[PDB]
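# Residue-level structure breakdown
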Amino acid sequence: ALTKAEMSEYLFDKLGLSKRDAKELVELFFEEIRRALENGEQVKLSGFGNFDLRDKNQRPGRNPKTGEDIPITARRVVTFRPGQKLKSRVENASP
Amino acid sequence: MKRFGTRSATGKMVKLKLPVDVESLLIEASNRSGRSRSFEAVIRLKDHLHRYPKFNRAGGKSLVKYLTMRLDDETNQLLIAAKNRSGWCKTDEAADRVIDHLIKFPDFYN
Amino acid sequence: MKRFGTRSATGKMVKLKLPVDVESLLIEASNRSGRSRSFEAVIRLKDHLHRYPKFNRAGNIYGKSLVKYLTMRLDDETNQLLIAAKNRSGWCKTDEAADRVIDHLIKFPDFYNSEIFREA
Amino acid sequence: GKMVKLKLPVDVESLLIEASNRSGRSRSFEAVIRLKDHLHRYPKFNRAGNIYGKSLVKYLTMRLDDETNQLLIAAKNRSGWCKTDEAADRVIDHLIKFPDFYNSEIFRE
Amino acid sequence: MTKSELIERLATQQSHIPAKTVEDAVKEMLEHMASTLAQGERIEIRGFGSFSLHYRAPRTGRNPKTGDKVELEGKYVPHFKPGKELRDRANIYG
Amino acid sequence: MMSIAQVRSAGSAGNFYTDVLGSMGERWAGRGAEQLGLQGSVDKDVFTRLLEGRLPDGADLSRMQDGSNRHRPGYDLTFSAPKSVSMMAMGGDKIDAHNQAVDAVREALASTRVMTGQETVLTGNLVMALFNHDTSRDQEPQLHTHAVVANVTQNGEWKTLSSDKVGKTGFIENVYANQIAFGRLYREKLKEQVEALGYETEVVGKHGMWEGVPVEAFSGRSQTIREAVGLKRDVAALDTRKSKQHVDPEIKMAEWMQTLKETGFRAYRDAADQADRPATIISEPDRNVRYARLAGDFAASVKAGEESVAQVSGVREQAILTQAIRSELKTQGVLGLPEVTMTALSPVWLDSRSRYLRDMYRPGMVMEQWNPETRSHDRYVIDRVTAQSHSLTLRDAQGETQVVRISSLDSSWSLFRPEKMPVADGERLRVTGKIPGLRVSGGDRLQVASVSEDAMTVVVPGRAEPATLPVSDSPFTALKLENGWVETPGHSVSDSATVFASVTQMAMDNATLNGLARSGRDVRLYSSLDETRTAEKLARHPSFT
DNA sequence: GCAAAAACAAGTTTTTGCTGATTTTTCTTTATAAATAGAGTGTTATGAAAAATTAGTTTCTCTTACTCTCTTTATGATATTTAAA
DNA sequence: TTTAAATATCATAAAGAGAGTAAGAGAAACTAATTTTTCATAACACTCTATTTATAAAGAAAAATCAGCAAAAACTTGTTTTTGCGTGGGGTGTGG
Ligand SMILES: [Mg+2]
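Residues numbered from 1 in each chain as written, not as in the entry; some residues may be left out. Chains lettered and ligands numbered in written order. Heavy atoms only, no water. Residues with missing side-chain atoms left out of burial classes, pairs and counts.

Attention now goes to the overall build of chain F. When its secondary structure is counted, chain F shows 13 helices and 25 strands. In summary, chain F has a C-alpha radius of gyration of 32 Å against a globular reference of 24 Å for 545 residues, an excess of more than 25%. Expressed along its principal axes, the backbone C-alpha trace of chain F runs to roughly 100 × 60 × 50 Å. (Helix = DSSP H or I, 4+ residues; strand = E, 2+ residues; numbered from the N terminus. Rg over C-alpha atoms; globule rule 2.2 N^0.38 Å.)

Encoded structure:
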């Protein structure tokens, strides 16, 4: 799978940033998205997709193995709606 | 490119790393011109550094033979500036420029 | 063999490194000219520096052959021209002097102060 | 007498200085070489005349070798003159006949 | 925040790298992710989530502005599952 | 008399010279002074601004070097005369006999240097502020004026006053050479005015100096200087110069008139106006055995009380010898068993060709910038070296970071390299920089008696009481120190120290041998070369046993 | 007598506002896809520490460029000697 | 009695080598900084399912970023161009 190390090496090769610079830049790139989702903002990466934030009501969940009902706690989740452009590059992306 | 680019290379001596199939080229040039190997390498390095400041390149992959190059003050400063400008370590930049000058200009008597 | 010319060169005395094959030839030219050996070398070099400011080099003709050293003492103008050529060519002063002396011996075996050139 | 001297008047001294310095040769060796050249070219040397003698005479030294000393001794039979004549007069004639002289193959220039 | 604001924040935090180089790095990272998805490969970043493609079999469809039915071709679509750290930090409930 | 001295600092002279009604007051003159619009009276702030470099115009002549303005402020052109004129001006003789006499400054040597690889230009004018003084440093009557000539002169371009150490063709060289000539130039005007005023004049001695009985009594400074010394006289004059003490003018007049009770004439104006090396060598081939023997001999020398100094060239060889020396001293007991550890800063040399080259800047090193306002160095640690912006990222003790481009580094920045070193009883330490709180300076050989993991006992040379230093484990608080058991060849000069040196088979060079003899009276040299073959290098001035 | 700091011309890289291009967002109803609690089992990214290794610098033996010094004929003048008018 | 030579003999001055110095060649060794390997170890994946919640379908507008460009601002390079030591000096002994 794609890895932070792989993206760091790719940035190193294509841009010449030092290894520390590339590693810190990719870690900060992920951390900034985490922070912008932590404070409730929507992240609209044009050409890639949107990171919407959704607030969920309580649901009557259950333990599938034993069948005992266990309620799902109300929670807030991150939802990624891919843009039109990304989907076009992926429609035939057979592994 | 920046395989060892962060290291300090202020010294006046370069342990030039050469592919085993261009060490023969350097020995042949030394015999033809009478110069010592270090003399031939240093003078070709000076010529290339003056002629081509921009040396964009794609980047051997075989056994390597190491040679001692004793630069003078003027060549050392130019080589350090070039390695800082390109990101390569001093050894790699010197080897790339020496190899290019050897291949393009086979005699260099000037 | 031929080293890098790193050291600065300002002294007037030079030890001419001549291959043993050409030392005898310079002696022959000297007894042809009637000039002394060292003075013949000096008078050759000082005009060689004039005739060929740009001078293509030979390809290590003698190499492994043995060499002998001849004491040379140059004048101010000859020293200045030699140092200028040495800086413009990158060799050491000894090698530049020796190569130019060999070239002037070969081209003009009976040189006479730039007015008469050669017979052989 | 290995040592012999050349009667050079004042006028020829400047010409000798000019020719010898342009030749790059010392005065003594130049004198000996010129004397041997004049002896060589004209073994039948004859009376040329001492015209220049109307000026104060100055002496230039030289040291002969066996060959040139014997050549001068034999040439002194051809004239009956003094050895200073045998040495000097032919040197003056050579100085007025062949300045700029490297060797026999190179002529008067 | 949008892409430009993200680049601005990264440049402000990473003062030494020029802003143009930071913008290039962001665009190259996005292009790398998009290409890896186009190559039919999964992206996994511990603490952030995972990107994967799921198959959608050919199905029926409708044009809700008119109501005419139109069957469609089967295709892959991207999907995202948040990681543990992102789930904990984004949620504001226990 | 004109005494000429170099002004040192703007901040000193600006307050000093600006600080019986006095003589008359402060003043200024010069052929170029009026160009700036300043004449006569001059304020304190503008005077100090001109001394530091702030011209009244928009020009600025500041030269920052080593974190300080190294620009020389100017030259003090003083004017003075024997006690006769001051006794005259006490009657209160109008003062102007000296003020107009100095107002000879109406400057022929004034010139500036303008290159074009080659030349002086005859500017011929300057701005000179004249500060009038009433008495000598003994407060005895001596009317004199310090004409402070600032090193600021106007080709339509401003420049400093000419100087040239080689050739001596500049303004200052001519003024220094023509010192006595200018003194005799001033000498004449007072007598010229006196010829109309009718007072007595007479030559008194050397160089045509001319100069009423109490004149001898008011020369306390000259008499004291003669008693103390019997030109470079200057040392005694500097040593015996007491600072200025305040005196009330009428109380001063009373003291003067009382001290002059007996020998005098006034009644002078009542009638005069009616005017109308041995060496020894041991041979050991291998480094380990040679160093062990050398260190054992050094420890034996230290034990008996003999002053000894270790000596090897090369940093790595110095470290190896230091380790051997410490081990042998520990065996001999000179160094105490309970060793500790501490950090220290060793200087990294930099110059113009190198301080703008990134390759010698490394993460983990210390950078100090001399703050001119706090009058102390701000300490930073290099955290990043970035090629993309050619910029260093520096972290302070507070933990914040700033990015500085290398092109903006200059002499105000000092680069130090942190190191670690053990310490025990008797350890020898070298100070490598301006250690805070101590007058100790670079190269001084401190000694430490005991440590307690938190503080050190150190013997400052000449203090004669135990001073204490902190133990620090951080670069931000490390001491500018180094271990001083093993030194560099020729580093220190001593006429009596014994040098327990070691030299390799290739360090026999002339410079090393010359410095080695210079380092002490005798050398117990250990040589890598074979016995009596190392003695072949003794073809020099130093002698054998 | 030389650096070292300062001025200055010359590009060179980085930042900044403009405006069409380009991509995004909206609305209509309906089906599946996805969302998910616990728990168990096996994978896998990922930072720490260690081992490899390689750039950079220092060493060791030899050689010889460059200079200084000791010797040597070489050029030459001063000096004593000599045969003839 | 000169004098035109004949032949030494010191003076020294272009020559011409021997030695010392210090720095270049070349293969070699040491050292630490960067790179790759090894290794925990917690995050991730998949399954078990009853049921509650989102979102593609398309297609023409509003609109909301953007990127490429033109212009300026920070910035580095190379080259002049100015400065500062440190001085010398008659006394009355000044000028941190
Ligand atoms: Mg005063």
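Before going further, it helps to spend a moment on the sheet that holds strand β24 (residues 498-503) of chain F. The sheet built from five strands is open, its strands ordered β10-β25-β24-β11-β23 (chain F) with parallel pairing. With partners counted over all chains shown, the strands left at the sheet margins are β10 (280-283) and β23 (486-487) of chain F, one partner each. (Pairing = 2+ DSSP bridges.)

Further remarks concern the interface of chain A and chain E. On the side of chain E, 48 residues touch chain A, which itself brings 51 residues to the contact. In total, about 4,900 Å² of surface goes out of reach between chain A and chain E, with carbon and sulfur atoms giving 68% of it. It is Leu2(A), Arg34(A) and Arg89(A) that lose the most area in chain A upon contact with chain E, and together they represent 14% of the buried surface on that side. The tally of links from chain A across to chain E stands at seven salt bridges. For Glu32(A), the salt bridge identified is with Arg9(E), shortest N-O distance 3.6 Å. Viewed at the interface, chain E and chain A are joined by 17 residue pairs in polar contact. Elements that contribute at least two residues to the side of chain A that touches chain E include exactly α1 (4-15), α2 (19-38), β1 (43-45), β2 (49-55), β3 (76-82) and α3 (84-90) of chain A. Looking at which element gives the most residues to the side of chain A that touches chain E, the answer is α2(A), with 15 residues. Considering only residue class, the side of chain A that touches chain E consists of 28 nonpolar, five polar and 18 charged. (Contact = heavy atoms within 4.5 Å. Buried area = accessible area lost by both parts, 1.4 Å probe. Salt bridge = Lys/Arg side-chain N within 4 Å of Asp/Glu carboxyl O. Polar contact = N/O pair within 3.5 Å; in protein donor to acceptor, adjacent residues only side chain to side chain. Nonpolar A, V, L, I, M, F, W, Y, C, P; charged D, E, K, R; others polar.)

Residues and elements named next belong to chain F. Read across the sheet, five strands follow the order β1-β5-β9-β8-β2 without closing on themselves; strand pairing throughout is antiparallel. Among the strands making up the open sheet, the edge pair consists of β1 (4-6) and β2 (27-29). Neighbouring strand axes in the sheet, compared pairwise and without regard to direction, differ in orientation by 25 degrees on average. Of the strand pairs in this sheet, β1 and strand β5 (residues 74-79) are connected by three bridges, and their pairing is antiparallel. Counterpart to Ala5 in the pairing with β5 is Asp76. (Axes fitted to C-alpha atoms, helices over the stretch in contact; angles between N-to-C directions.)

Close to DNA strand H lie 112 residues, the nearest being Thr6(C), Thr71(C), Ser222(F), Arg233(F) and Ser407(F). Here the atoms of DNA strand H within 4 Å of the protein split so that 61% fall in sugar or phosphate, with bases taking the remainder. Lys65(A) is positioned with one of its backbone polar atoms (N or O) 3.5 Å from a base oxygen of DNA strand H. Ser222(F) is positioned with one of its backbone polar atoms (N or O) 2.4 Å from a phosphate oxygen of DNA strand H. Counting residues per element, the surface near DNA strand H draws most heavily on helix α5 (residues 171-177) of chain F, which supplies four residues. Residues that form the surface near DNA strand H fall into these classes: 28 nonpolar, 36 polar and 48 charged. (Near = heavy atom within 4 Å.)

Attention shifts here to the protein's contact with DNA strand G. Contacts to DNA strand G come from 71 residues, most closely from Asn50(A), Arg3(C), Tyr69(C), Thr94(C) and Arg62(E). Of everything in DNA strand G that lies within 4 Å of the protein, sugar and phosphate atoms constitute 63%. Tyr69(C) places a polar side-chain atom, nitrogen or oxygen, 2.6 Å from a phosphate oxygen of DNA strand G. Taken together, the residues of the surface near DNA strand G sort by class into 20 nonpolar, 22 polar and 29 charged.

Looking now at the coordination of the magnesium ion. Residue and element names in this part refer to chain F. Within the protein, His133 (ND1), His144 (NE2) and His146 (NE2) serve as the donor atoms for the magnesium ion, at 2.0 to 2.1 Å. Every donor residue of the magnesium ion comes from the same chain, spaced as H-x10-H-x1-H. With a gap of 13 residues between them, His133 in strand β8 (residues 128-135) and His146 in strand β9 (residues 141-150) connect regions that are remote in the sequence. You'll find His133 and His146 in the same group, each marked buried. (Donors = N, O, S within 2.8 Å, 3.2 Å for Na, K, Ca; no water. Buried < 20%, exposed > 50% of the residue type's maximum accessible area, 1.4 Å probe, protein only.)

On to the pattern of salt bridges, then. Residue and element names in this part refer to chain C. Here the structure, examined in full by the defined rule, presents 67 salt bridges over all chains. Ionic pairing is found between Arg100 and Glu96, a salt bridge with its closest N-O pair at 2.4 Å. Placement of the pair is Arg100 and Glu96 together in helix α4 (residues 93-107), with a separation of four residues, close to one helical turn. By the burial criterion, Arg100 is buried, and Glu96 matches it. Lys107 is the salt-bridge partner of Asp103, the closest N and O atoms lying 3.5 Å from each other. Here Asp103 and its partner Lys107 are both found in helix α4, four residues apart, which amounts to about one turn of the helix.

As a further point, take the pairing of strand β20 (residues 455-459) of chain F. Side-chain alternation along β20(F) places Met456(F) and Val458(F) on a buried face and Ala455(F), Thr457(F) and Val459(F) on a face that remains uncovered. In this antiparallel pair of consecutive strands, strand β19 (residues 445-451) of chain F and β20(F), the connection spans three residues, and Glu453(F) shows a positive phi of 70 degrees.

All names here are of chain B. Between its first and last C-alpha, helix α1 (residues 20-33) extends 20 Å over 14 residues, near the 20 Å set by a 1.5 Å rise per residue. Taken residue by residue, α1 has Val22, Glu23, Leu26, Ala29, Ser30 and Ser33 as its buried positions. Taken around the axis of α1, the buried residues stretch over an arc of 120 degrees, which confines them to a single face. Facing away from the buried side of α1 by more than 90 degrees, the exposed set consists of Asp21 and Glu28. Looking one or two residues beyond α1, the residue adopting positive phi is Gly34, at roughly 80 degrees. (Expected span 1.5 Å × (residues − 1). Arc of directions from axis to C-beta.)

Looking now at the packing of helix α2 (residues 27-41) of chain D against helix α4 (residues 83-95) of chain D. Residue and element names in this part refer to chain D. In contact at an axis separation of 8 Å, α2 and α4 are set at 85 degrees when each is read in the N-to-C sense. By the angle class used here, α2 and α4 are roughly perpendicular. Facing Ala31, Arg34, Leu35, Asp37, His38, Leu39 and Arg41 of α2, the residues of α4 in contact are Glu86, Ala87, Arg90, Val91, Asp93, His94 and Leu95. Along the lines of polarity and charge, the residues of the contact of α2 with α4 split into six nonpolar, two polar and six charged. (Parallel < 35°, antiparallel > 145°, perpendicular 65-115°, else oblique.)

So, on to the side chain of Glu32(A). Along the chain, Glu32(A) turns up in helix α2. One polar contact links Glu32(A) to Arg35(A), side chain to side chain, over a distance of 3.3 Å. In this structure, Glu32(A) is in contact with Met1(E), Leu6(E), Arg9(E), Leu10(E) and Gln13(E), ignoring residues within four places of it in sequence.

Attention now moves to α2(A). Residue and element names in this part refer to chain A. Compared with the 28 Å implied by 1.5 Å per residue over 20 residues, the 28 Å span of α2 between its first and last C-alpha is a close match. Of all the residues in α2, the buried ones are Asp21, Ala22, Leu25, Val26, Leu28, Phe29, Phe30, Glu32, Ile33, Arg34, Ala36 and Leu37. Where α2 ends, the next residue or the one after it, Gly40, has phi of about 85 degrees, a positive value.

Time to look at the packing of aromatic side chains. For the structure shown, the criterion picks out 26 aromatic pairs over all chains. Within the aromatic cluster, the residues linked to one another by ring pairs are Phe29(A), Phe30(A), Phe48(A), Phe51(A), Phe80(A), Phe48(E), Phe51(E) and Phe80(E). Here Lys19(A) stacks its cationic end above the ring of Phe12(A), 3.7 Å away from the centre of that ring. The ring of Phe39(B) has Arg35(B) lying over it, and the distance from NZ or CZ to the ring centre is 5.2 Å. (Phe/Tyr/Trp six-rings, centres within 6.5 Å; stacked < 30°, edge-to-face > 60°. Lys NZ or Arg CZ within 6 Å of the ring centre and 35° of its normal.)

The biggest cluster of nonpolar side chains holds 44 residues, and the ones touching the most others in it are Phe29(A), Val43(A), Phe48(A), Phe51(A), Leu10(E) and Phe51(E). If you tally residues by element for this core, the top one is α2(A), at nine residues. With residues near it in sequence (within four places) discarded, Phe51(E) still touches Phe48(A), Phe51(A), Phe80(A), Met33(E), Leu37(E), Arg42(E), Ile43(E), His79(E) and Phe80(E). (Core = buried A, V, L, I, M, F, W, Y, C linked by side-chain atoms within 4.5 Å.)

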